[PDB]
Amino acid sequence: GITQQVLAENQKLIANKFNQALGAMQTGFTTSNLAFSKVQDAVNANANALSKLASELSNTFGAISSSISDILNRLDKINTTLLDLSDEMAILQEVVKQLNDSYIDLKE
């Protein structure tokens, strides 16, 4: 009776609140993945810029060294790391998809 009506009301409430939180969680992890993508892009681009600067400086120094060795009678280690978050972002995508699969559809 009224215990059953109250139990059904509570079931509906739990379902609504859980689905709302589920949408919120989906959104949060999707934004986290997009932010990780942008972070990877920025970090890798700045690492490429640093490597390009080092290589350009080395090339110019070599050219100057050739010019100097011409007036004489002579013959003639920076490590940049690239960021790789591909697998982690794929796992995050699968997490978001499981959250998709976790929607609650009550029997009326």
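Heads up: residue numbers just count along the shown sequence, starting at 1.
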Point to revise | residue 76 to residue 77: deposited residues without atomic coordinates | key: 10 or more
Revision key, fill the gap. Comparing mean C-alpha B factor in the record for 22-30 and 67-75, the higher one is 67-75
**Study point:** Residue range whose averaged C-alpha B-factor is higher in the record, 86-94 or 6-14
**Key:** 6-14
Review point. Say you rank 55, 44, 80, 37 by Cα B-factor from the PDB entry; which sits at the top?
Key: 80
